[PDB]
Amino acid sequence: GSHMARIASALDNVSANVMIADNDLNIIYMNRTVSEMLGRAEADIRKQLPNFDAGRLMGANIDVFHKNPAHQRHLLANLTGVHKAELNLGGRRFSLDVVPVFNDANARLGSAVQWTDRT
């Protein structure tokens, strides 16, 4: 019944770091490699985001990590295909692959995001 849960379970143990957000940009799943990766990156990320806490991402909204929350919400709300954003956080480089997820009626369910730590 839940497509997001099916995708999360299938991807839980793959190499690719994958985080899944719902339509409100709440983080609802993180696979094992992404949790581990963000744990390692935590020190560096704090230099720019001092209150960032990797152990507390599940159930957090991504707003809090965005200067202008209205911008990402509009972009993300309107995605028809993959969006490749590139972030520099505290000296660390990340490529994000943002993948819009739909049901069989074309109704948007949320976003699957691949993280790649380029550094």
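When you see a residue number, it is the position in the sequence shown, counting from 1.
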| message | Which is higher on mean Cα B factor in this entry, 110 to 118 or 3 to 11? | response | 110 to 118
| said: On mean Cα temperature factor in this entry, is 96 to 104 or 12 to 20 the higher one? | reply: 96 to 104
| For the listed residues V34, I45, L57, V64, which one has the largest C-alpha B-factor as given in the deposited model? | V64
| remark: Among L75, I27, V82, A41, highest Cα B-factor in the entry goes to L75
